[PDB]
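To start, the structure under review is shown below, and the notes come after it.
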Amino acid sequence: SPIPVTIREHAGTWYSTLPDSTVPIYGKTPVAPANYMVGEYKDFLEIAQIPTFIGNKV
Amino acid sequence: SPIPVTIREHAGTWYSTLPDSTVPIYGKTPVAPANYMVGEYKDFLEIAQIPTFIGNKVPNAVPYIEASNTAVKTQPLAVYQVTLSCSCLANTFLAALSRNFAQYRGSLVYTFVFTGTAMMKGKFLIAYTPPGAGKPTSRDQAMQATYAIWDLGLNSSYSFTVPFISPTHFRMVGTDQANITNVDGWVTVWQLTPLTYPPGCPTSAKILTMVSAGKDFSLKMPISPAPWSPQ
Amino acid sequence: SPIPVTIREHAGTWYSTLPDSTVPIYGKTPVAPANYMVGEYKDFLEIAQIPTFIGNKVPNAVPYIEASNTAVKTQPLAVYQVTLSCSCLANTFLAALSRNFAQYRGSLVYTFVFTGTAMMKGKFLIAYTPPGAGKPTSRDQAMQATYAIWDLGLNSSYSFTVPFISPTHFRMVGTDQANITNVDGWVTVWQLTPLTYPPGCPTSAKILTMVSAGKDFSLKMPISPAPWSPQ
Amino acid sequence: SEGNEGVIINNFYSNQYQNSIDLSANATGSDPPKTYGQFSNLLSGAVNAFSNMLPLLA
Amino acid sequence: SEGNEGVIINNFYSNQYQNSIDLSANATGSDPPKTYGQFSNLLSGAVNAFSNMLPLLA
């Protein structure tokens, strides 16, 4: 009844960009409501559209 | 048919607060029925509401303040900082409970029990001053903030609630260093009218002081205070 | 597609009592039919109910007590402590069974078989004294506790049940050290009336003493007693 | 409430094993089951009725 | 009853593998199956009926 596993060669590696989460150590923590907040953006493209200054005579 | 697994980098670690269980080694053990039992509670908030004694005149603490036969607008009977760290609250269940959490929110209740003679009479001005301009220095300045007038008569005590006035949703429980002129303001007690009495009666009385949580009060994130020794 | 796992800190441990199975190495093995078999039991409680012999006069144990032709209210015929550890019970199946568990609950049954002559007559007072005031010192004190009068006649034995009287739901099986004046009380056997007989008959008789569990009796938490050698 | 456990998976060990078993005792006692299993020695011929009977004393 | 096992999961190895196989023998015996498989050598032409027959002795 214990389940048999095959350990992959890459056992133990850490991937800086792994598409996954790790162990939570301090659960059930409610946050401070931040619902009055304004000005949020979600995609850089949302603001890449605002013109900024080109430098002349560098 | 054996299943392939990828071992995570954190293999082998122990987390003191893991949201999970371990290996059971002695199953199917029935317990001794404890169904006759009474008095159980399940949330600390359930008892944080019971008032305990504030220590006056530290380190020669007494559970009360003294009213006199003189009203000096310049002289508070008591000045408490509104901090769950006040040495004043150090031994109240509120403070002992609170020291195991990082933040609090909600109402604090200061209860005063008059213990003088039935023949005495008097009026007190109890005020809560939010921070920003320092502590009030006379009843005249306190009277500019949140306050209540407590009249002595048939009913023995007065329950003063300091309203949670704060920029943040929560406030830190304990102080790191000491909190200045800060903290969250002050509760000051003043005489409005002096204690008056007839002939044959003492000229001062003791007022019992207690503190508790209001129905509003909340605590969050359990931690451990710095270890201490009561002696 | 290989599945990611988090290895727990206890990786590699062996638990002598794990509620689980291991790797099978020789499957599909049919057994030799044993279906003609009889006499099987499945719970120790099934046989703990069969009376076995109490040892009297340790370490020169005999399976009986002796009744005489004299009733001294000051002299018990036997005094057993109600402890599954009494050296008295040391070799009863009850005691041998019980020593593999931590706690017991329920009724203990002391059975007496009269083995004297048919011509003899007599009455015994068998009492159970709960703890608290020490063991009774005369039949007069025993008679103040739980007791039964056993009259000799056609029917040979008497089954005395000591009621489970205890503050806790369960009682510890074995003693750590020795149990004082404690233990759980005492079973004392006294003569009420002396053994009487006609001419031509012996003037004393042997009474066989056994012990068993009552239907009430329960045992819990299997452990191992301190190892011993019968020699 | 509950404690600090927040796993989605069903506990691998069943409860009677993962936890102690809360029992409750009723004030007035409880009757043992009638039988603890089927092991037994049997007494037969205990009584009478039937033999080379009534030649037998009164 | 059962022993000391209290896992929720279905045993990974099936029973015929995890345990011995209790069989029961009946008093009066049991008939082997008729055939143990389909391997066989065959005897043909064993008998008669049909040939350049009845010129054949009586």
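To be explicit about the labels: the chains of the structure tokens are called A, B, and onward in the order shown, and within each one the residues are counted from 1, while ligands get numbers from 1 in the order they are shown.
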Chain fit of chain E to chain D, all Cα atoms, as a short mmCIF file (atom, residue, chain, number, x, y, z; two decimals) with N, CA, C and O atoms, in the first residue's frame:
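Dumped everything to superposed.cif:
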data_model
loop_
_atom_site.label_atom_id
_atom_site.label_comp_id
_atom_site.auth_asym_id
_atom_site.auth_seq_id
_atom_site.Cartn_x
_atom_site.Cartn_y
_atom_site.Cartn_z
N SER E 1 -13.27 25.53 16.46
CA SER E 1 -13.02 25.44 14.98
C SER E 1 -12.03 24.27 14.66
O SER E 1 -12.13 23.12 15.26
N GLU E 2 -11.13 24.63 13.66
CA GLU E 2 -10.11 23.58 13.40
C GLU E 2 -8.85 24.52 13.65
O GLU E 2 -8.95 25.72 13.94
N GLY E 3 -7.86 23.63 13.58
CA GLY E 3 -6.49 23.97 13.78
C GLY E 3 -5.85 24.41 12.46
O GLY E 3 -6.48 24.98 11.58
N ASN E 4 -4.57 24.07 12.52
CA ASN E 4 -3.71 24.45 11.43
C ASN E 4 -3.38 23.28 10.55
O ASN E 4 -2.31 22.71 10.68
N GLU E 5 -4.34 23.03 9.71
CA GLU E 5 -4.22 21.97 8.71
C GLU E 5 -5.04 22.46 7.53
O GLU E 5 -6.15 22.91 7.85
N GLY E 6 -4.55 22.45 6.32
CA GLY E 6 -5.27 22.94 5.15
C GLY E 6 -4.88 22.23 3.86
O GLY E 6 -4.53 22.82 2.81
N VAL E 7 -4.97 20.92 3.96
CA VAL E 7 -4.67 20.01 2.85
C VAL E 7 -6.02 19.63 2.24
O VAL E 7 -7.05 19.41 2.90
N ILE E 8 -6.06 19.58 0.94
CA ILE E 8 -7.19 19.26 0.06
C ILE E 8 -7.54 17.78 0.04
O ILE E 8 -8.68 17.33 0.06
N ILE E 9 -6.45 17.03 -0.05
CA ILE E 9 -6.50 15.59 -0.01
C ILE E 9 -7.08 15.17 1.37
O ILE E 9 -6.94 15.61 2.54
N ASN E 10 -7.78 14.09 1.03
CA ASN E 10 -8.41 13.23 2.04
C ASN E 10 -7.18 12.65 2.82
O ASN E 10 -6.11 12.24 2.24
N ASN E 11 -7.44 12.64 4.14
CA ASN E 11 -6.35 12.07 4.96
C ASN E 11 -6.06 10.61 4.52
O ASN E 11 -6.99 9.80 4.46
N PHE E 12 -4.78 10.39 4.27
CA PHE E 12 -4.42 9.04 3.87
C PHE E 12 -4.69 7.99 4.92
O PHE E 12 -4.97 6.87 4.51
N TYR E 13 -4.52 8.23 6.18
CA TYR E 13 -4.77 7.29 7.25
C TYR E 13 -6.19 7.61 7.66
O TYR E 13 -6.54 8.80 7.62
N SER E 14 -6.96 6.65 8.03
CA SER E 14 -8.34 6.98 8.39
C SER E 14 -8.37 7.53 9.77
O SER E 14 -7.42 7.32 10.52
N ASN E 15 -9.47 8.13 10.08
CA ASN E 15 -9.53 8.73 11.39
C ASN E 15 -9.33 8.07 12.72
O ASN E 15 -9.05 8.77 13.69
N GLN E 16 -9.76 6.84 12.63
CA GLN E 16 -9.68 6.03 13.85
C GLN E 16 -8.20 5.79 14.10
O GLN E 16 -7.91 5.35 15.22
N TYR E 17 -7.42 6.05 13.05
CA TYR E 17 -5.99 5.87 13.17
C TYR E 17 -5.35 7.23 13.34
O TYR E 17 -4.52 7.34 14.25
N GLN E 18 -5.74 8.18 12.54
CA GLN E 18 -5.10 9.50 12.70
C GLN E 18 -5.43 10.12 14.04
O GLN E 18 -4.52 10.73 14.67
N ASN E 19 -6.66 9.96 14.51
CA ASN E 19 -7.02 10.53 15.83
C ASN E 19 -7.41 9.56 16.92
O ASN E 19 -7.42 8.33 16.77
N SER E 20 -7.65 10.11 18.11
CA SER E 20 -8.01 9.25 19.27
C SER E 20 -9.49 9.05 19.00
O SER E 20 -9.92 9.69 18.01
N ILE E 21 -10.22 8.22 19.71
CA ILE E 21 -11.65 8.04 19.41
C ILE E 21 -12.40 8.62 20.58
O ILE E 21 -12.16 8.07 21.65
N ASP E 22 -13.12 9.69 20.35
CA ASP E 22 -13.91 10.34 21.41
C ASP E 22 -15.11 9.38 21.58
O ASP E 22 -15.77 8.87 20.67
N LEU E 23 -15.44 9.02 22.77
CA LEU E 23 -16.47 8.13 23.19
C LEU E 23 -17.24 8.94 24.20
O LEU E 23 -16.74 9.92 24.77
N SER E 24 -18.42 8.43 24.40
CA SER E 24 -19.21 9.19 25.42
C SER E 24 -19.88 8.15 26.27
O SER E 24 -20.29 7.14 25.71
N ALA E 25 -19.89 8.40 27.55
CA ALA E 25 -20.45 7.46 28.51
C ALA E 25 -21.78 7.98 29.03
O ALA E 25 -21.81 9.17 29.38
N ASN E 26 -22.70 7.01 29.05
CA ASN E 26 -24.00 7.52 29.57
C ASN E 26 -24.09 7.06 31.03
O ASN E 26 -23.75 5.93 31.42
N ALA E 27 -24.54 8.04 31.78
CA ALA E 27 -24.75 8.14 33.19
C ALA E 27 -25.23 6.91 33.94
O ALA E 27 -24.84 6.52 35.07
N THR E 28 -26.14 6.26 33.27
CA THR E 28 -26.87 5.05 33.65
C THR E 28 -26.25 3.74 33.17
O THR E 28 -26.92 2.69 33.33
N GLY E 29 -25.06 3.79 32.59
CA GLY E 29 -24.41 2.55 32.16
C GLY E 29 -24.96 2.03 30.85
O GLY E 29 -25.99 2.50 30.38
N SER E 30 -24.19 1.08 30.36
CA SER E 30 -24.44 0.44 29.07
C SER E 30 -24.17 -1.04 29.25
O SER E 30 -23.24 -1.40 29.98
N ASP E 31 -25.01 -1.79 28.59
CA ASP E 31 -25.00 -3.26 28.55
C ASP E 31 -23.95 -3.79 27.59
O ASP E 31 -23.88 -3.32 26.43
N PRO E 32 -23.17 -4.74 28.06
CA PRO E 32 -22.14 -5.29 27.18
C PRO E 32 -22.92 -6.01 26.11
O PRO E 32 -24.08 -6.40 26.33
N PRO E 33 -22.31 -6.16 24.98
CA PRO E 33 -22.98 -6.96 23.95
C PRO E 33 -23.00 -8.30 24.67
O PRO E 33 -22.25 -8.75 25.57
N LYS E 34 -23.95 -9.08 24.31
CA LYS E 34 -24.38 -10.42 24.68
C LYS E 34 -23.30 -11.49 24.56
O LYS E 34 -23.20 -12.48 25.33
N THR E 35 -22.47 -11.27 23.53
CA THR E 35 -21.39 -12.14 23.10
C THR E 35 -20.23 -11.37 22.50
O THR E 35 -20.44 -10.39 21.74
N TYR E 36 -19.02 -11.83 22.88
CA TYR E 36 -17.78 -11.16 22.40
C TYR E 36 -17.23 -11.76 21.10
O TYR E 36 -16.34 -11.18 20.44
N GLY E 37 -17.78 -12.88 20.70
CA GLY E 37 -17.41 -13.62 19.49
C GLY E 37 -18.14 -14.96 19.60
O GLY E 37 -19.03 -15.15 20.44
N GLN E 38 -17.75 -15.92 18.81
CA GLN E 38 -18.40 -17.25 18.82
C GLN E 38 -17.67 -18.41 19.46
O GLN E 38 -18.09 -19.56 19.16
N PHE E 39 -16.66 -18.04 20.24
CA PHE E 39 -15.90 -19.12 20.88
C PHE E 39 -16.75 -19.50 22.11
O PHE E 39 -17.27 -18.56 22.74
N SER E 40 -16.83 -20.81 22.32
CA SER E 40 -17.58 -21.35 23.46
C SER E 40 -17.47 -22.85 23.72
O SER E 40 -17.31 -23.61 22.75
N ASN E 41 -17.57 -23.25 24.96
CA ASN E 41 -17.53 -24.65 25.43
C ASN E 41 -19.00 -24.86 25.69
O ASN E 41 -19.65 -23.88 26.04
N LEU E 42 -19.54 -26.01 25.51
CA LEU E 42 -20.96 -26.14 25.70
C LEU E 42 -21.42 -27.19 26.65
O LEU E 42 -20.83 -28.27 26.61
N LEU E 43 -22.45 -26.80 27.37
CA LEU E 43 -22.82 -27.86 28.33
C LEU E 43 -24.03 -28.54 27.80
O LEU E 43 -24.97 -27.80 27.65
N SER E 44 -23.98 -29.79 27.55
CA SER E 44 -25.18 -30.46 27.05
C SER E 44 -25.60 -31.47 28.11
O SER E 44 -24.80 -31.88 28.98
N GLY E 45 -26.86 -31.86 27.94
CA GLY E 45 -27.56 -32.87 28.74
C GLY E 45 -27.90 -32.45 30.17
O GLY E 45 -28.29 -33.33 31.01
N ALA E 46 -27.70 -31.15 30.37
CA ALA E 46 -27.92 -30.33 31.57
C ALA E 46 -29.09 -30.69 32.52
O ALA E 46 -29.03 -30.90 33.79
N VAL E 47 -30.23 -30.76 31.78
CA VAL E 47 -31.60 -31.13 32.23
C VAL E 47 -31.90 -32.66 32.06
O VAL E 47 -31.22 -33.73 32.32
N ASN E 48 -33.15 -32.86 31.65
CA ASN E 48 -33.89 -34.11 31.38
C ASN E 48 -34.90 -33.88 30.20
O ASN E 48 -34.85 -33.04 29.24
N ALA E 49 -35.91 -34.74 30.31
CA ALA E 49 -37.13 -35.22 29.70
C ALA E 49 -36.70 -36.15 28.51
O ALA E 49 -36.11 -35.76 27.44
N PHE E 50 -37.01 -37.45 28.82
CA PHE E 50 -36.66 -38.58 27.90
C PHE E 50 -35.41 -39.38 28.47
O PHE E 50 -34.25 -38.94 28.83
N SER E 51 -35.69 -40.69 28.53
CA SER E 51 -34.97 -41.91 28.93
C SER E 51 -36.12 -42.98 29.12
O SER E 51 -37.35 -42.88 28.79
N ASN E 52 -35.57 -44.03 29.70
CA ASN E 52 -36.00 -45.34 30.27
C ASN E 52 -36.54 -44.81 31.65
O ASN E 52 -36.12 -44.90 32.86
N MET E 53 -37.56 -43.95 31.33
CA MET E 53 -38.17 -43.17 32.40
C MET E 53 -39.70 -43.19 32.53
O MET E 53 -40.69 -43.23 31.80
N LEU E 54 -39.74 -43.14 33.84
CA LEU E 54 -40.50 -43.12 35.05
C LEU E 54 -40.42 -44.42 35.89
O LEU E 54 -41.29 -44.58 36.82
N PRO E 55 -39.40 -45.26 35.60
CA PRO E 55 -39.18 -46.45 36.47
C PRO E 55 -38.41 -45.85 37.70
O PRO E 55 -38.39 -46.41 38.82
N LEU E 56 -37.79 -44.68 37.45
CA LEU E 56 -36.99 -43.70 38.17
C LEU E 56 -37.73 -42.98 39.32
O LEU E 56 -38.79 -42.34 39.07
N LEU E 57 -37.29 -43.01 40.59
CA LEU E 57 -37.80 -42.52 41.88
C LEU E 57 -38.16 -41.01 41.95
O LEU E 57 -37.55 -40.00 41.48
N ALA E 58 -39.34 -40.96 42.65
CA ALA E 58 -40.30 -39.88 43.01
C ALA E 58 -40.06 -38.97 44.25
O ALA E 58 -40.29 -37.69 44.56
#
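In plain terms, chain A touches chain E through residues 1, 2 and 3 of chain A, where touching means an atom at most 8 Å away, counting only C-alpha atoms.
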Selected residues, N, CA, C and O atoms, written as a short mmCIF file (atom, residue, chain, number, x, y, z; two decimals), in the first residue's frame, please.
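Writing the result to part_7.cif gives the following:
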data_model
loop_
_atom_site.label_atom_id
_atom_site.label_comp_id
_atom_site.auth_asym_id
_atom_site.auth_seq_id
_atom_site.Cartn_x
_atom_site.Cartn_y
_atom_site.Cartn_z
N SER A 1 0.79 -1.25 0.00
CA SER A 1 0.00 0.00 0.00
C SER A 1 0.82 1.30 0.00
O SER A 1 0.14 2.32 -0.34
N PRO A 2 2.07 1.43 0.40
CA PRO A 2 2.84 2.63 0.17
C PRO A 2 2.95 2.63 -1.38
O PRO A 2 3.11 1.52 -1.98
N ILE A 3 2.89 3.73 -2.09
CA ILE A 3 3.03 3.80 -3.53
C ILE A 3 4.46 3.86 -4.09
O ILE A 3 5.29 4.72 -3.69
#
Near chain B, meaning an atom within 6 Å, which residues of chain A appear when counting only C-alpha atoms? Write them as a PyMOL selection string. chain A and resi 4-8+11-14+25+32
File dump, residues just selected, C-alpha atoms, as an mmCIF file, in the first residue's frame:
data_model
loop_
_atom_site.group_PDB
_atom_site.id
_atom_site.type_symbol
_atom_site.label_atom_id
_atom_site.label_comp_id
_atom_site.auth_asym_id
_atom_site.auth_seq_id
_atom_site.Cartn_x
_atom_site.Cartn_y
_atom_site.Cartn_z
ATOM 1 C CA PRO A 4 6.073 2.930 -5.672
ATOM 2 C CA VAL A 5 7.864 5.890 -7.324
ATOM 3 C CA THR A 6 10.666 6.249 -9.859
ATOM 4 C CA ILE A 7 12.967 9.205 -8.987
ATOM 5 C CA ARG A 8 13.909 11.343 -11.978
ATOM 6 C CA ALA A 11 15.969 15.099 -8.356
ATOM 7 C CA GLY A 12 16.687 18.059 -6.055
ATOM 8 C CA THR A 13 17.087 20.931 -8.633
ATOM 9 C CA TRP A 14 15.741 24.455 -8.104
ATOM 10 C CA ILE A 25 3.980 28.236 6.448
ATOM 11 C CA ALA A 32 -5.840 44.600 5.621
#
Polymer residues at most 8 Å from residue 130 (chain B), only C-alpha atoms, same-chain spacing of 2 or more positions, as a ChimeraX atom specification: /B:128,132,145,165,184-186
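The interface of chain B with chain D at 10 Å, considering only C-alpha atoms, consists of residues 17, 18, 19, 20, 21, 22, 23, 24, 25, 26, 27, 28, 29, 30, 31, 32, 33, 34, 35, 36, 42 and 43 of chain B.
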Selected residues, N, CA, C and O atoms, written as a PDB file, in the first residue's frame, please.
ATOM      1  N   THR B  17       5.299  25.192  11.538  1.00  0.00           N
ATOM      2  CA  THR B  17       3.884  25.518  11.406  1.00  0.00           C
ATOM      3  C   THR B  17       3.211  24.914  10.198  1.00  0.00           C
ATOM      4  O   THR B  17       2.163  25.462   9.798  1.00  0.00           O
ATOM      5  N   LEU B  18       3.727  23.868   9.607  1.00  0.00           N
ATOM      6  CA  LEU B  18       3.097  23.235   8.447  1.00  0.00           C
ATOM      7  C   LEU B  18       1.604  22.993   8.555  1.00  0.00           C
ATOM      8  O   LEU B  18       1.214  22.353   9.541  1.00  0.00           O
ATOM      9  N   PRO B  19       0.791  23.401   7.609  1.00  0.00           N
ATOM     10  CA  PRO B  19      -0.639  23.134   7.730  1.00  0.00           C
ATOM     11  C   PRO B  19      -0.875  21.657   7.409  1.00  0.00           C
ATOM     12  O   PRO B  19      -1.656  21.415   6.479  1.00  0.00           O
ATOM     13  N   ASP B  20      -0.248  20.724   8.101  1.00  0.00           N
ATOM     14  CA  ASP B  20      -0.512  19.294   7.862  1.00  0.00           C
ATOM     15  C   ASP B  20      -0.031  18.417   9.019  1.00  0.00           C
ATOM     16  O   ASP B  20       0.737  18.710   9.989  1.00  0.00           O
ATOM     17  N   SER B  21      -0.597  17.205   8.929  1.00  0.00           N
ATOM     18  CA  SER B  21      -0.391  16.146   9.962  1.00  0.00           C
ATOM     19  C   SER B  21       0.755  15.178   9.764  1.00  0.00           C
ATOM     20  O   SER B  21       1.348  15.224   8.647  1.00  0.00           O
ATOM     21  N   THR B  22       1.140  14.341  10.720  1.00  0.00           N
ATOM     22  CA  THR B  22       2.280  13.431  10.461  1.00  0.00           C
ATOM     23  C   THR B  22       1.797  12.007  10.598  1.00  0.00           C
ATOM     24  O   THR B  22       0.563  11.797  10.527  1.00  0.00           O
ATOM     25  N   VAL B  23       2.736  11.086  10.753  1.00  0.00           N
ATOM     26  CA  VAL B  23       2.417   9.658  10.911  1.00  0.00           C
ATOM     27  C   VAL B  23       1.849   9.253  12.268  1.00  0.00           C
ATOM     28  O   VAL B  23       2.493   9.527  13.305  1.00  0.00           O
ATOM     29  N   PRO B  24       0.701   8.591  12.260  1.00  0.00           N
ATOM     30  CA  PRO B  24       0.036   8.099  13.484  1.00  0.00           C
ATOM     31  C   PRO B  24       0.667   6.800  13.879  1.00  0.00           C
ATOM     32  O   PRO B  24       0.811   5.942  12.963  1.00  0.00           O
ATOM     33  N   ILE B  25       1.069   6.555  15.106  1.00  0.00           N
ATOM     34  CA  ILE B  25       1.713   5.231  15.398  1.00  0.00           C
ATOM     35  C   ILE B  25       0.888   4.337  16.317  1.00  0.00           C
ATOM     36  O   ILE B  25       1.264   3.160  16.485  1.00  0.00           O
ATOM     37  N   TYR B  26      -0.160   4.868  16.925  1.00  0.00           N
ATOM     38  CA  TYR B  26      -0.908   3.996  17.835  1.00  0.00           C
ATOM     39  C   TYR B  26      -2.380   4.181  17.622  1.00  0.00           C
ATOM     40  O   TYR B  26      -2.994   4.714  18.560  1.00  0.00           O
ATOM     41  N   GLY B  27      -2.875   3.766  16.467  1.00  0.00           N
ATOM     42  CA  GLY B  27      -4.296   3.911  16.140  1.00  0.00           C
ATOM     43  C   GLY B  27      -5.303   3.089  16.938  1.00  0.00           C
ATOM     44  O   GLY B  27      -4.947   2.197  17.769  1.00  0.00           O
ATOM     45  N   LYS B  28      -6.533   3.475  16.669  1.00  0.00           N
ATOM     46  CA  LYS B  28      -7.750   2.898  17.196  1.00  0.00           C
ATOM     47  C   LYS B  28      -7.836   2.962  18.720  1.00  0.00           C
ATOM     48  O   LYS B  28      -8.455   2.031  19.284  1.00  0.00           O
ATOM     49  N   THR B  29      -7.229   4.031  19.231  1.00  0.00           N
ATOM     50  CA  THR B  29      -7.274   4.161  20.699  1.00  0.00           C
ATOM     51  C   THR B  29      -8.479   4.935  21.194  1.00  0.00           C
ATOM     52  O   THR B  29      -8.563   6.165  20.990  1.00  0.00           O
ATOM     53  N   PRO B  30      -9.425   4.313  21.851  1.00  0.00           N
ATOM     54  CA  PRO B  30     -10.575   5.085  22.356  1.00  0.00           C
ATOM     55  C   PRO B  30     -10.087   5.803  23.596  1.00  0.00           C
ATOM     56  O   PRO B  30      -9.235   5.365  24.396  1.00  0.00           O
ATOM     57  N   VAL B  31     -10.659   6.969  23.766  1.00  0.00           N
ATOM     58  CA  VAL B  31     -10.428   7.874  24.913  1.00  0.00           C
ATOM     59  C   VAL B  31     -11.421   7.649  26.055  1.00  0.00           C
ATOM     60  O   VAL B  31     -12.420   6.869  25.960  1.00  0.00           O
ATOM     61  N   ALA B  32     -11.126   8.329  27.153  1.00  0.00           N
ATOM     62  CA  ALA B  32     -11.993   8.247  28.355  1.00  0.00           C
ATOM     63  C   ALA B  32     -13.031   9.379  28.182  1.00  0.00           C
ATOM     64  O   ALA B  32     -12.580  10.549  28.090  1.00  0.00           O
ATOM     65  N   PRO B  33     -14.271   8.954  28.152  1.00  0.00           N
ATOM     66  CA  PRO B  33     -15.368   9.901  27.949  1.00  0.00           C
ATOM     67  C   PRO B  33     -15.202  11.087  28.870  1.00  0.00           C
ATOM     68  O   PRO B  33     -14.985  10.913  30.066  1.00  0.00           O
ATOM     69  N   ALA B  34     -15.305  12.261  28.316  1.00  0.00           N
ATOM     70  CA  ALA B  34     -15.138  13.519  29.044  1.00  0.00           C
ATOM     71  C   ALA B  34     -16.337  14.411  28.805  1.00  0.00           C
ATOM     72  O   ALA B  34     -16.333  15.635  28.802  1.00  0.00           O
ATOM     73  N   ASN B  35     -17.399  13.702  28.588  1.00  0.00           N
ATOM     74  CA  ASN B  35     -18.665  14.368  28.262  1.00  0.00           C
ATOM     75  C   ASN B  35     -19.341  14.996  29.431  1.00  0.00           C
ATOM     76  O   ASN B  35     -20.368  15.589  29.105  1.00  0.00           O
ATOM     77  N   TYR B  36     -18.935  14.904  30.652  1.00  0.00           N
ATOM     78  CA  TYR B  36     -19.607  15.531  31.809  1.00  0.00           C
ATOM     79  C   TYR B  36     -19.075  16.954  31.988  1.00  0.00           C
ATOM     80  O   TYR B  36     -19.635  17.730  32.775  1.00  0.00           O
ATOM     81  N   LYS B  42     -13.732  28.410  23.069  1.00  0.00           N
ATOM     82  CA  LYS B  42     -13.028  28.023  21.829  1.00  0.00           C
ATOM     83  C   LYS B  42     -12.230  29.051  21.081  1.00  0.00           C
ATOM     84  O   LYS B  42     -11.429  28.695  20.207  1.00  0.00           O
ATOM     85  N   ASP B  43     -12.493  30.250  21.456  1.00  0.00           N
ATOM     86  CA  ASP B  43     -11.853  31.432  20.891  1.00  0.00           C
ATOM     87  C   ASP B  43     -11.450  32.329  22.072  1.00  0.00           C
ATOM     88  O   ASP B  43     -12.253  32.557  22.990  1.00  0.00           O
TER      89      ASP B  43
END
Could you please determine the separation between CA of residue 161 (chain C) and CA of residue 48 (chain C) in Å, to one decimal place? 14.7 Å
As a VMD selection string, please: the residues near region 109-125 of chain C (cut-off 9 Å, only C-alpha atoms, same-chain neighbours under 3 positions excluded). chain C and resid 49 51 54 64 67 69 139 142 to 143 147 to 162 187 to 198 201 to 214
Running DSSP on the backbone, which parts of chain B land in strand (DSSP E or B), as number ranges by chain? B: 3-7, 30, 52-53, 56, 62, 64-67, 78-81, 101-105, 108-114, 121-129, 146-151, 157-162, 171-172, 186-196, 205-213, 218-222
Rounded to one decimal place, report the CA of residue 216 (chain B)-CA of residue 37 (chain A) distance in Å.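 According to the coordinates, CA of residue 216 (chain B) and CA of residue 37 (chain A) are separated by 24.1 Å.
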For residue 171 (chain C), list every protein, DNA or RNA residue within 12 Å, evaluated using only C-alpha atoms, and leave out those in the same chain fewer than 3 positions away; present the list as a PyMOL selection string. (chain B and resi 32) or (chain C and resi 82-84+98+101-107+164-168+174-175+183-184+217-220)
Mind the document's chain letters and residue numbers, and return as number ranges by chain the residues of region 8-217 of chain C that DSSP labels helix (DSSP H, G or I). C: 44-46, 93-98, 139-142
